[PDB]
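**Q** Following this message is one structure expressed as structure tokens.
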RNA sequence: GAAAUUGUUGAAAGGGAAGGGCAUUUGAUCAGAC
RNA sequence: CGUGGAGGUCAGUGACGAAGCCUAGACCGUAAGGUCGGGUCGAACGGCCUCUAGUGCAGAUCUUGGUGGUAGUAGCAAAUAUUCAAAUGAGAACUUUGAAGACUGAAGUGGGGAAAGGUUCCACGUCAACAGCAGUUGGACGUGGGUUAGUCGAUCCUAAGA
Ligand SMILES: [Mg+2]
Ligand SMILES: [Mg+2]
Ligand SMILES: [Mg+2]
Ligand SMILES: [Mg+2]
Ligand SMILES: [Mg+2]
Ligand SMILES: [Mg+2]
Ligand SMILES: [Mg+2]
Ligand SMILES: [Mg+2]
Ligand SMILES: [Mg+2]
Ligand SMILES: [Mg+2]
Ligand SMILES: [Mg+2]
Ligand SMILES: [Mg+2]
Ligand SMILES: [Mg+2]
Ligand SMILES: [Mg+2]
Ligand SMILES: [Mg+2]
Ligand SMILES: [Mg+2]
Ligand SMILES: [Mg+2]
Ligand SMILES: [Mg+2]
Ligand SMILES: [Mg+2]
Ligand SMILES: [Mg+2]
Ligand SMILES: [Mg+2]
Ligand SMILES: [Mg+2]
Ligand SMILES: [Mg+2]
Ligand SMILES: [Mg+2]
Ligand SMILES: [Mg+2]
Ligand SMILES: [Mg+2]
Ligand SMILES: [Mg+2]
Ligand SMILES: [Mg+2]
Ligand SMILES: [Mg+2]
Ligand SMILES: [Mg+2]
Ligand SMILES: [Mg+2]
Ligand SMILES: [Mg+2]
Ligand SMILES: [Mg+2]
């Protein structure tokens, strides 16, 4: 374990990590951030929809040159896709997450995904063939993923107001006059 | 809910295949039939009786007929739950001319 | 139907296992036919050895054929038209001192056995030879089925020198070894359980310091006793013994490998020898692997020996092998060792290199055979029932009405052709061989120093369901048969033991089944001719003052009376000589 | 099941082209167990396998 | 007959033959990246358009 | 187990580059004090 | 000012954390640099006095190694062509079978060899990597089987030559 840093309370969260998977790193990172912060029941149905092309994954960083679609309007962006393979693995990490959660005794409708991250696996290397008898690297950008689901706690409202008040000698006598005037 | 039907439709293939690539022409008809039957009885799960296949290909890739008389049956799906409880099945009806025939409910018995 | 259903699972298992008259007469023909067998072997045995020289000493390979072909003689004459399946349940197996069982040589091999052991010898000089020397403990195991119902004979005959000083042919002297202490321990225990299975018909005349009326017979009762008789005589109860419930085409030994739902019986393994040594510290911790093997109906087939409680209308087998102890200072575990065909394994002068003479067909395993000789064996082996055989039984000439040298040659030329169809079946595992094993004592102090990297629990053994997987149990954790051979193969501490094997079949009948009697005990393979002890003197026997011992003497002479509510019949043999 | 081999041996035993070999689609479990010529022999005479009729080139027009 | 046999599996085999394919792949990619530079070394090349 | 390079969270900023210099505003953050 | 090693000295520092590495935390020095706190780490190291050198990097179309932007873009388009069901299967555009449609069209996409290949043939297992999509298939991977000569070749003879 030792995931990317978490602001979560560990007791109430579940975690799932695949690694060295075969997927577009640039595509899977996108599909991640589409679902980040969501409630789980939600996102699950969502990815399903995408798999049928009812919704899409807005491409917010590695977007360059893609075709623009209608379904982007939803998230207010013109560039979006349906990365079918990238999803299979996320559902996978989502399917599992739901499960590791239920063995810890955490409520399934109180679940949501707080923390989702994808960084780069070691690239893997093939050969490829070009004109004039030259050779170029032919590679994949395999992808690490980790997914930390949280049990929703809205129960936090804490009273913090810390006043150590330094008031001058003038400042004191001038409050004493407002309260002498029968404020 | 939806209930378990059968009907007989004439399809105009002539219009749906209009201006297709001669080499890909027939294969469209296969898709244009599955699409057509997800229209009526929007079952979305459509299967093709291989006789119908021999009907669509009987004339070769470029020679698909102008009109088919198609017996379509809505039926229930089994075990192994698919997204649908419901089925679609298209198979041929042997008939002189596809001309001037009206859609008809064949009463199942 | 092709599908084996719940309708027929009921029609096959509980129905044909109903005790009815049509059924009993099949068993009764088997009780005598089998005892008519032992009486024949017994005859031939002494004719050669004890008395005057008849111009050849028969050999063990010799007596096997004559024995078997005689037991074919008697199945020719009974239910000939009436019944489809009639045959030999277990083939004649003649065994010697250290041998547990499984020894059934074909004629071909006396030059093979001789050859292989040419170098390493002098312990086993009786087995390799086939000639039997004096002072030997010799089992003879026979069984027969009629319509798939099994009656089994087992007895331990001691052979003696010959004293002609008395014109009366007296076997001079008694048997003065701890050897004889074994056979009289089993002979005692045989009568012991004989009288116990009478009390489960009715809790009548049941020993009071033992059972009461709460239990006619219990899982714990029978087991507590036999180990008492053992510890009495200091004879180690062999790991191979059992007390079994039997059915049509289902018997204990037929397939030790193939599983049985709804299992009934008392089982004895090495997993039980630790429990007796480990009854000192009562620690209940069982270190268990969660494996789902032999999982289906584990409840019934796990072989619980406590949950067995005797019923009436059941057919039981008593199987007892009791290994004697030459004095062994440090306490140890009694185990079985297996005998191979390959010389190279060992430089030990004391090893036996031999061949398995018994086989079995597993209808589970299906493999297409390319060879045309191993095919003719396959469809032939399937022309026989579910019981163990040797390659001789399969043939045209095997019963051989008139026995000539011309016929001895007819079978030998065939054996070789069947040897070659045997290779292709035995490697593809379409058939399993019978293990030929030795009696092996081990010091406890080898196994408690045991250092192992862990490893294969894989299923290679004929052993039954639960016990086998780890063999030596969980409280010994880390030990499987493999690391056991390794331990058993540090040999300064190794030693081997004589054995007395005893098989009785007992059929429990009520007054609906037995009319003239009132509730009775039918002893098949119990005949007065077959159960004869041999001259024996041992200073161990008969420990008084144990409530279980005093209850056996009470019950020993209790079955000794006709005021006893359960009258014990002994099936008498048949008439042998006809010419 | 993978029936390539069974179709190959069929052409060789029957002694005709792989074109002309019929394997009963309903027999696909049984044909699986063939795996040798003499077995295919049995299957060939049995009728689970059959050598298909030659397509026609008619000279009547010429 | 209650004996139910699907199972045959050995982790020792799969796991330890797993590393194997995983080590050598590491070495094949490493023979690639050593030679990647001058793989395109082409002495006695003829430019088509250059003078 | 560094750098380049990369993901996530935090903060901050952005009308055709960014970055630095002098100076103070606002935000954070730390020493000296006895 | 700093660096790798030597002689000397602080009866120097150290498993109660040595060196290293991270640090919009502090401190001295004009500067080269030194010094402390935190984190990380697990076995050796530093100050002064002297000796020595393979002693300090932004460059050299510098040397090897490692990584981006470019960019999920260029592209994956010659050889007329595929389609329906069933089977198998965690999974089928691509495997197996049936069905239908087509191509090579005897100077063939057919059946045999030489040169060269060396096990690629065949079978049972199998899908991490390879087959620039896939993969339940394979010229891949793992375990094995497979080549039988008095008459076919080599062998013998001589050619240009050696
Ligand atoms: Mg652009
Ligand atoms: Mg473009
Ligand atoms: Mg290229
Ligand atoms: Mg080239
Ligand atoms: Mg057009
Ligand atoms: Mg470079
Ligand atoms: Mg490390
Ligand atoms: Mg960095
Ligand atoms: Mg310094
Ligand atoms: Mg140096
Ligand atoms: Mg440190
Ligand atoms: Mg920094
Ligand atoms: Mg230099
Ligand atoms: Mg440098
Ligand atoms: Mg540099
Ligand atoms: Mg450069
Ligand atoms: Mg690049
Ligand atoms: Mg493109
Ligand atoms: Mg390409
Ligand atoms: Mg192109
Ligand atoms: Mg093309
Ligand atoms: Mg394709
Ligand atoms: Mg043509
Ligand atoms: Mg052409
Ligand atoms: Mg070819
Ligand atoms: Mg060839
Ligand atoms: Mg091949
Ligand atoms: Mg294969
Ligand atoms: Mg590929
Ligand atoms: Mg793949
Ligand atoms: Mg290979
Ligand atoms: Mg000759
Ligand atoms: Mg010649």
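**Q** With (1) free of Cβ contacts under 8 Å to residues at least 40 places away in the same chain; (2) crowded, with 16+ Cβ neighbours inside 10 Å as the list, and residue C:415 as the residue in question, which single condition is left unmet?
**A** Result: residue C:415 passes all but (1).
**Q** Counting just the residues of the stretch A:83-111 that are buried (at least 18 other Cβ atoms within 10 Å of the Cβ) and outside any helix (DSSP H, G or I), which one comes out farthest from RNA strand F (Cβ to nearest atom)?
**A** Looking at the filtered set, the residue picked out is A:106.
**Q** Here is a further query. Restricting to the stretch C:269-279, name every residue that is part of a loop (DSSP other than H, G, I, E, B) and either within 26 Å of the chain's Cα centre (by Cα) or within 13 Å of chain E (Cβ to nearest Cβ) (or both).
**A** The answer is C:269, and nothing else.
**Q** Does residue B:80 satisfy the condition of being part of a loop (DSSP other than H, G, I, E, B) and exposed (fewer than 15 other Cβ atoms within 10 Å of the Cβ)?
**A** Yes, satisfied.
**Q** Residue check, residue A:80 against (1) more than 16 Å from RNA strand G (Cβ to nearest atom); (2) in contact (Cβ under 8 Å) with a residue 12 or more places away in the chain; (3) farther than 30 Å from residue E:27 by Cα; (4) outside any helix (DSSP H, G or I), all met but one. Which one?
**A** Going through (1) more than 16 Å from RNA strand G (Cβ to nearest atom); (2) in contact (Cβ under 8 Å) with a residue 12 or more places away in the chain; (3) farther than 30 Å from residue E:27 by Cα; (4) outside any helix (DSSP H, G or I) one by one, residue A:80 breaks only (1).
**Q** Separate question: Which one of these is assigned to a strand (DSSP E or B) and either crowded, with 19+ Cβ neighbours inside 10 Å or away from RNA strand G (no atom under 12 Å from the Cβ) (or both): A:18, A:37?
**A** Sole residue among the options that is assigned to a strand (DSSP E or B) and either crowded, with 19+ Cβ neighbours inside 10 Å or away from RNA strand G (no atom under 12 Å from the Cβ) (or both): A:18.
**Q** Also, I was wondering about something else. Determine, yes or no, whether residue E:6 is more than 12 Å from every other protein chain (Cβ to nearest Cβ), out of contact with any strand residue (DSSP E or B) (no Cβ under 6 Å at 6 or more places or on another chain) and not in a helix (DSSP H, G or I).
**A** no
**Q** Filter the stretch C:280-306 down to residues that are surrounded by 14 or more Cβ atoms within 10 Å (Cβ to Cβ) and away from every other protein chain (no Cβ under 14 Å), then give me how many there are.
**A** 2
**Q** Name the single residue, out of those in the stretch A:109-157 being within 20 Å of residue A:11 (Cα to Cα) and without any contact (Cβ under 8 Å) to a residue 60 or more places away in the chain, that is farthest from ligand 3 (Cβ to nearest atom).
**A** A:157
**Q** When residue C:271 is evaluated against the numbered criteria (1) within 19 Å of residue E:1 (Cβ to Cβ); (2) surrounded by 15 or more Cβ atoms within 10 Å (Cβ to Cβ), which criterion, by number, is the only one it fails?
**A** (1)
**Q** Name the single residue that is surrounded by the fewest Cβ atoms within 10 Å (Cβ to Cβ) among those in the stretch D:10-55 being in a helix (DSSP H, G or I) and within 8 Å of the chain's Cα centre (by Cα).
**A** D:18
**Q** Next question. Which of the residues spanning the stretch B:1-23 are part of a loop (DSSP other than H, G, I, E, B) and either loosely packed, with under 12 Cβ neighbours inside 10 Å or touching a residue at least 24 places away in the same chain (Cβ under 8 Å) (or both)?
**A** B:1, B:2, B:3, B:4, B:5, B:17, B:18, B:19, B:21, B:22, B:23
**Q** Yes or no: residue C:217 away from every other protein chain (no Cβ under 14 Å), within 21 Å of residue C:509 (Cβ to Cβ) and out of contact with any strand residue (DSSP E or B) (no Cβ under 6 Å at 6 or more places or on another chain)?
**A** For residue C:217, the condition - away from every other protein chain (no Cβ under 14 Å), within 21 Å of residue C:509 (Cβ to Cβ) and out of contact with any strand residue (DSSP E or B) (no Cβ under 6 Å at 6 or more places or on another chain) - is met.
**Q** Right, residue C:261: touching a residue at least 12 places away in the same chain (Cβ under 8 Å), more than 14 Å from the chain's Cα centre (by Cα), away from chain E (no Cβ under 14 Å) and surrounded by 14 or more Cβ atoms within 10 Å (Cβ to Cβ) or not?
**A** no
**Q** Based on what the data block shows, is residue C:516 farther than 15 Å from residue C:190 by Cα and surrounded by fewer than 16 Cβ atoms within 10 Å (Cβ to Cβ)?
**A** yes
**Q** Right, here's the next one. Among residues belonging to the stretch C:535-566 that are touching a strand residue (DSSP E or B) at 6+ places or on another chain (Cβ under 7 Å) and buried (at least 18 other Cβ atoms within 10 Å of the Cβ), point out the one that is farthest from residue C:39 (Cα to Cα).
**A** Only one residue tops the list, namely C:566.
**Q** Right, something else. Using the structure shown, decide if residue C:332 is over 30 Å from residue C:216 (Cβ atoms), more than 23 Å from the chain's Cα centre (by Cα) and buried (at least 20 other Cβ atoms within 10 Å of the Cβ).
**A** Yes; evaluated as a whole, the condition is true for this residue.
Residue-wise test of (1) outside any helix (DSSP H, G or I); (2) within 14 Å of chain C (Cβ to nearest Cβ); (3) surrounded by 11 or more Cβ atoms within 10 Å (Cβ to Cβ).
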| position | (1), (2), (3) |
| --- | --- |
| E:1 | yes, yes, yes |
| E:14 | no, no, no |
| E:25 | no, no, yes |
| E:34 | no, no, no |
| E:39 | no, no, yes |
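**Q** Further question on the same structure: Do we find a residue being within 14 Å of chain E (Cβ to nearest Cβ), in contact (Cβ under 8 Å) with a residue 40 or more places away in the chain and within 21 Å of residue C:151 (Cβ to Cβ) anywhere in the stretch C:224-245?
**A** Within the stretch C:224-245, not a single residue is within 14 Å of chain E (Cβ to nearest Cβ), in contact (Cβ under 8 Å) with a residue 40 or more places away in the chain and within 21 Å of residue C:151 (Cβ to Cβ).
**Q** Can you find a residue in the stretch C:168-190 that is more than 18 Å from the chain's Cα centre (by Cα), within 30 Å of residue C:308 (Cβ to Cβ) and buried (at least 16 other Cβ atoms within 10 Å of the Cβ)?
**A** yes
**Q** Sticking with this one: Filter the stretch A:115-145 down to residues that are away from RNA strand F (no atom under 16 Å from the Cβ) and part of a loop (DSSP other than H, G, I, E, B) and give me whichever is nearest to the other protein chains (Cβ to nearest Cβ).
**A** Going through the qualifying residues, I end up with A:134.
**Q** Related question: In the list A:71, A:49, which residue meets the criterion of being within 14 Å of another protein chain (Cβ to nearest Cβ) and either more than 15 Å from RNA strand G (Cβ to nearest atom) or in a loop (DSSP other than H, G, I, E, B) (or both)?
**A** None of the other options fit; the residue is A:49.
**Q** Could you list, in sequence order, all residues of the stretch B:33-44 that are more than 9 Å from RNA strand G (Cβ to nearest atom) and crowded, with 18+ Cβ neighbours inside 10 Å?
**A** Answer for the stretch B:33-44, where residues must be more than 9 Å from RNA strand G (Cβ to nearest atom) and crowded, with 18+ Cβ neighbours inside 10 Å: B:36, B:37, B:41, B:43.
For every residue, the table says whether it meets (1) out of contact with any strand residue (DSSP E or B) (no Cβ under 9 Å at 6 or more places or on another chain); (2) surrounded by fewer than 21 Cβ atoms within 10 Å (Cβ to Cβ).
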{"site": "C:316", "(1), (2)": "no, no"}
{"site": "C:323", "(1), (2)": "no, no"}
{"site": "C:347", "(1), (2)": "yes, yes"}
{"site": "C:356", "(1), (2)": "no, yes"}
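**Q** Among the numbered criteria (1) surrounded by 10 or more Cβ atoms within 10 Å (Cβ to Cβ); (2) within 14 Å of chain C (Cβ to nearest Cβ), which one does residue E:18 miss?
**A** (2)
Bear in mind these aren't lab numbers, they're just calculated from the coordinates by the rules spelled out. Neighbour counts run over all protein chains shown; Cβ positions are idealised from the backbone, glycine included.
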